[PDB]
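Visitor:
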Amino acid sequence: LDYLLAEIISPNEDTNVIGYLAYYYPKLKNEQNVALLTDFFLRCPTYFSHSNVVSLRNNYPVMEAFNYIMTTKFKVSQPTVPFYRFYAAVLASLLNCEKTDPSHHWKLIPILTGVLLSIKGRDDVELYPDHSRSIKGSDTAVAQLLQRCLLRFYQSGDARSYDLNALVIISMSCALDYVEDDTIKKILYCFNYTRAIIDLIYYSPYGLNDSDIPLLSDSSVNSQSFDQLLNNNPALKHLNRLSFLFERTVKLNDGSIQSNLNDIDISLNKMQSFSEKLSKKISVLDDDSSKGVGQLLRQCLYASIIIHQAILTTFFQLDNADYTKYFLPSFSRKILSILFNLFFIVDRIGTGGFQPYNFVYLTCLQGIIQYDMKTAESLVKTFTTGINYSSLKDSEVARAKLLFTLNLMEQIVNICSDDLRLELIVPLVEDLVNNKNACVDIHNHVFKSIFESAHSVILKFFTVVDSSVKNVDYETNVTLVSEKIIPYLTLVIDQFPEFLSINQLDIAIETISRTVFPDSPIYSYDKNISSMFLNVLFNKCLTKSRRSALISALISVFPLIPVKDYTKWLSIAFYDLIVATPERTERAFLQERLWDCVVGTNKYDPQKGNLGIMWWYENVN
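Here it is, written out as structure tokens:
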């Protein structure tokens, strides 16, 4: 044995003490020797000499090692030394460390964490071992010991060490369920490690390092290079757990409002810095996101979101909307800027379904819309300054940025200022859907979402005339919608169904019909735009089935037709389009649609609806 023992007390530069340990612990044939090894291990100077010179890279693995050691020892069947006795031997040694060593705290914390992680792995193997009373005792001792160690550490002065704090912060994230609320509370009365969690994730060289990681920019990542990254940057193995440590910690913090709001600004500036840099690093990810850079950047986004949610929910504890008005806009500028820069990752999950993301996004958007529209307009202006056709072709990042930007314009185009809607948003989405920029072919597959979203913006733009915000010259908006509405209708029909679906056709005709037909600012301005609407749509009906869908859609707008012209168009539809339809199943479908429009006319205007019923039973068998 002692060949090993002596090498632990004075290693070389090539001895791997942890590796030795994972090897020999499970194979030891005698109980005393287990305690001995542990005793000697705690003297090893590679890990446990001076606190000034200890390295996170050296000490962090002790955590995994003990996770490993405990789990595999519990697995060995019929071992010469039973598990309970093995565990009692390790614990006696940890406890002896606590008694005799004034620097026991940061030394023991990874070991305790490790041993604790092993508890889950037991349930998989067996829940009823022969001596579980001992084991339960030992587990409690370890958890209790961990509480003492975490508190003594933050009370020691050693949390001022950048490396040891990282080590303990990571250990707490892996042991979080075993850390009691009073431990955390008592720690925060002494040293607030909240800012350091954000630092460790986003800025630290042990984490994402402000995104300055070569590997992220590498088009063909070896799994060995990735494993080497995770060992050099151990925080990257725990972004999620760290976010949870943050979530739970920030809730038990009793600090002043000024300082809580200042902690939020600092956290958000670091996250924005990482995210803005990250976008200059990457243009394309590979398709699997269950491994390597994809899994990592995904985990990074979940973490940033959990973090934003905790920031927002704790800020809402204030329960006072004057604070929301005064402060949320500025937080929202930052949070939306982070989501903009990370949108490419989000795009590969899907917005819908993922409650936290939507909570964060909507809270921030509703915030800026309700209390500071100038922030939203600035965000849009900034977002569209930094995008270019070349990047749109090369980069999934630039494309997700444009998407994110268009999704935001969709949300404010009808309530923002004239300058932004007219001189910026509308020119852009007209250019996209018409494909006017020869630098890019907008019908390329990669631009599907951009194109779809540009259409949504135009649609909302038309509703500008119903909104009632000030500093928007309604005559101008009415004139301009009047000029564009019918050309856009023509376009939408032309693009159906090659580039547009039935749903998108139905929505566009719902919205445009509602814009131009009566009880509307457009109608009161120029009744003749209604007429052109029907002329154009009727004509394309002549020139499942596409024709079926266009008539179905023409018929859909009949409720809105003024009384003088209403039954006229019923006839036009029935005689010119429906009976002129050769096949029964399609003729029958369109006939049932003509009925639906009569019924729907009735829901909306009983008296015009009755002209329909009269026309129906005078014309249709």
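Numbering (the authors' numbering), first residue to last: 43 to 585, 629 to 706.
Positions of the beta carbon are idealized from the N, C-alpha and C atoms, including for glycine.
Whole angstroms is fine: what's the gap from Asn207's alpha carbon to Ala201's?
Guide: Translated into positions along the sequence shown, residue 207 becomes position 165. Translated into positions along the sequence shown, residue 201 becomes position 159. Cα-Cα distance, rounded: 5 Å.
Visitor: Hey, which unbroken runs of the alpha helix (DSSP H) at 4 residues or more fall wholly within the segment 251–311?
Guide: If we require 4 residues or more, the alpha helix (DSSP H) runs fully inside the segment 251–311 come out as 265–274 and 281–294.
Visitor: What does a CB cutoff of less than 7 Å around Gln197 pick up in its chain, not counting 5 residues either side in sequence?
Guide: By 1-based counting over the sequence shown, the position of residue 197 is 155. Result list for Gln197: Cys232, in chain order.
Visitor: Using 10 angstroms around the beta-carbon of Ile211, count the other beta-carbons present and answer buried if the total reaches 16, otherwise exposed.
Guide: Looking up residue 211 in the sequence shown gives position 169. Buried, because 16 or more other Cβ atoms sit within 10 Å of the Cβ of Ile211.
Visitor: For the alpha helix (DSSP H) that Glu106 lies in, which residues bound it at each end?
Guide: Indexing the sequence shown from 1 puts residue 106 at position 64. Run containing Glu106: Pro103 to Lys117, per the alpha helix (DSSP H) assignment.
Visitor: What's the C-alpha gap between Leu242 and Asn513?
Guide: What you label residue 242 is simply residue 200 of the sequence shown in a count that begins at 1. What you label residue 513 is simply residue 471 of the sequence shown in a count that begins at 1. Rounded to the nearest angstrom, the two C-alpha atoms are 46 Å apart.
Visitor: Taking Cβ to Cβ, would you say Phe108 is nearer than 9 Å to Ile50?
Guide: Counting from 1 along the sequence shown, the entry for residue 108 is found at position 66. Counting from 1 along the sequence shown, the entry for residue 50 is found at position 8. Cβ distance not < 9 Å, so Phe108 and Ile50 don't count as in contact.
Visitor: Using 10 angstroms around the beta-carbon of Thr417, count the other beta-carbons present and answer buried if the total reaches 16, otherwise exposed.
Guide: Here residue 417 refers to the residue found at position 375 when the sequence shown is read from its first residue. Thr417 should be labelled buried.
Visitor: Could you check what DSSP says for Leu98 in three-state terms: helix, strand or coil?
Guide: Here residue 98 refers to the residue found at position 56 when the sequence shown is read from its first residue. Note: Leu98 maps to helix in three-state DSSP.
Visitor: Mapping DSSP to helix, strand and coil, what is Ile239?
Guide: The residue given as residue 239 occupies position 197 in the sequence shown. Note: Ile239 maps to helix in three-state DSSP.
Visitor: Looking at C-alpha atoms only, which residue of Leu501, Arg631 and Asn282 is the closest neighbour of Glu552?
Guide: Numbered from 1 along the sequence shown, position 510 holds the residue referred to as residue 552. Comparing Cα-Cα distances from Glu552 to each of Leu501, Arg631 and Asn282, the minimum goes to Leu501.
Visitor: Hey, out of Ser573, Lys319 and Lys629, whose CA is closest to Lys653's CA?
Guide: In the sequence shown, residue 653 corresponds to position 568, counting from 1. Ranking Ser573, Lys319 and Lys629 by Cα distance to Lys653 puts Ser573 first.
Visitor: Would you call the segment 256–276 and the segment 324–336 in contact, with 3 or more CB pairs under 8 Å?
Guide: Touching, yes.
Visitor: Using a Cβ-Cβ cut-off of 6 Å (strictly less than) and excluding sequence neighbours within five positions of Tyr689, which residues of its own chain qualify?
Guide: Reading the sequence shown from its first residue, position 604 is the one you call residue 689. Closer than 6 Å at the Cβ level, and outside the excluded window around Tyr689, lie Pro644.
Visitor: With C-beta atoms as the reference, is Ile564 less than 9 Å away from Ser524?
Guide: Along the sequence shown, one-based indexing puts residue 564 at 522. Along the sequence shown, one-based indexing puts residue 524 at 482. Going by C-beta atoms, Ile564 is nearer than 9 Å to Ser524.
Visitor: Keeping to the same chain, check which residues put their C-beta closer than 7 Å to that of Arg283; ignore five residues upstream and five downstream.
Guide: For the purposes of this step, residue 283 is taken as the residue at position 241 of the sequence shown. Taken in chain order, the residues that qualify are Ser215, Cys216 and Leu218.
Visitor: Is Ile657 near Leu675, with beta carbons less than 9 Å apart?
Guide: Numbered from its first residue, the sequence shown carries residue 657 at position 572. Numbered from its first residue, the sequence shown carries residue 675 at position 590. No, the pair does not count as a contact, with Cβ atoms beyond the cut-off.
Visitor: Do you know how far the Cα of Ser562 is from the Cα of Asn519?
Guide: The residue you call residue 519 lines up with position 477 of the sequence shown. The residue you call residue 562 lines up with position 520 of the sequence shown. Looking at the two C-alpha atoms, the distance is approximately 13 Å.
Visitor: Whole angstroms is fine: what's the gap from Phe385's alpha carbon to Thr225's?
Guide: In the sequence shown, counting from the first residue as 1, residue 385 sits at position 343. In the sequence shown, counting from the first residue as 1, residue 225 sits at position 183. One C-alpha to the other measures close to 37 Å.
Visitor: Short of 8 Å in beta carbon distance, which residues of its chain neighbour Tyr220, apart from the five on each side in sequence? Order them along the chain.
Guide: In the sequence shown, counting from the first residue as 1, residue 220 sits at position 178. Taken in chain order, the residues that qualify are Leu158, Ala185 and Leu188.
Visitor: Return helix, strand or coil for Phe385, following the three-state DSSP convention.
Guide: Translated into positions along the sequence shown, residue 385 becomes position 343. If DSSP states are grouped into helix, strand and coil, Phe385 belongs with the helices.
Visitor: Quick check: the Cα distance between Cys191 and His497, rounded to an integer number of angstroms?
Guide: Counting from one through the sequence shown, the residue named residue 191 turns up at place 149. Counting from one through the sequence shown, the residue named residue 497 turns up at place 455. If you take the alpha carbons of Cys191 and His497, they lie about 59 Å apart.
Visitor: Counting along the chain, where does the alpha helix (DSSP H) carrying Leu192 start and finish?
Guide: For this step, residue 192 is matched to residue 150 along the sequence shown. It spans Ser174 to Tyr196 - the alpha helix (DSSP H) in which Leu192 sits, taken as one unbroken run.
Visitor: Please return the same chain residues whose Cβ sits closer than 6 Å to the Cβ of residue 707, not counting the five positions on each side in sequence.
Guide: In this structure the chain extends from 43 to 706, so residue 707 is not present and cannot be described.
Visitor: By the DSSP assignment, the alpha helix (DSSP H) with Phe125 in it spans what residues?
Guide: As a first step, residue 125 must be located in the sequence shown, where it is residue number 83. Looking at the DSSP string, the run of the alpha helix (DSSP H) that includes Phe125 is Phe125 to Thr142.
Visitor: Evaluate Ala480 with the Cβ neighbour count: other Cβ atoms within 10 Å of its Cβ, from every protein chain shown; 16 or more gives buried, anything less gives exposed.
Guide: Along the sequence shown, read from residue 1 onward, the residue named residue 480 stands at position 438. Its Cβ having fewer than 16 others within 10 Å, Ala480 is exposed.
Visitor: Could you check whether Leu421 and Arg463 sit closer than 9 Å to each other, using their CB atoms as the reference points?
Guide: The residue you call residue 463 lines up with position 421 of the sequence shown. The residue you call residue 421 lines up with position 379 of the sequence shown. Not in contact: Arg463 and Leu421 (Cβ atoms no closer than 9 Å).
Visitor: Using only CA atoms, which one of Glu465, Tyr399, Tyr403 and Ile391 lies nearest to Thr426?
Guide: Residue 426 sits at position 384 when you count from the first residue of the sequence shown. When each option's Cα is compared against that of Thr426, the closest is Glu465.
Visitor: Identify which residue in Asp56, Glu55 and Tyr66 has its Cα closest to the Cα of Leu46.
Guide: Taking the first residue of the sequence shown as position 1, residue 46 is located at position 4. Comparing Cα positions, the closest option is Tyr66.
Visitor: Classify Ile308 as buried or exposed, calling it buried when 16 or more other Cβ atoms lie within 10 Å of its own Cβ.
Guide: As a working mapping, residue 308 is identified with position 266 in the sequence shown. Its Cβ having fewer than 16 others within 10 Å, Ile308 is exposed.
Visitor: Okay, do the segment 352–372 and the segment 280–297 touch, 3+ Cβ pairs below 8 Å being the bar?
Guide: The segment 352–372 is in contact with the segment 280–297.
Visitor: Measure the Cβ-Cβ separation of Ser379 and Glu318 and say whether it is below 9 Å.
Guide: Along the sequence shown, one-based indexing puts residue 379 at 337. Along the sequence shown, one-based indexing puts residue 318 at 276. In contact: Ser379 and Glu318 (Cβ atoms closer than 9 Å).
Visitor: What is the DSSP secondary structure of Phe83, counted as helix, strand or coil?
Guide: On the sequence shown, position 41 is the one that residue 83 refers to. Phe83: helix per DSSP, three-state reduction.
Visitor: Do you know offhand how far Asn304's Cα is from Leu310's?
Guide: Locating residue 304 in the sequence shown gives position 262, counting from the first residue. Locating residue 310 in the sequence shown gives position 268, counting from the first residue. C-alpha separation (whole angstroms): 10 Å.
Visitor: Would you grab the beta carbon distance between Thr88 and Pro53 for me? Rounded to a whole angstrom, and I think it's under 8 Å.
Guide: Working through the sequence shown from its first residue, we reach residue 88 at position 46. Working through the sequence shown from its first residue, we reach residue 53 at position 11. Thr88 to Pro53, Cβ: 5 Å. Contact.
Visitor: Could you give the DSSP three-state label for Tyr567: helix, strand or coil?
Guide: Counting from 1 along the sequence shown, the entry for residue 567 is found at position 525. Reduced to three states, the DSSP call for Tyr567 is helix.
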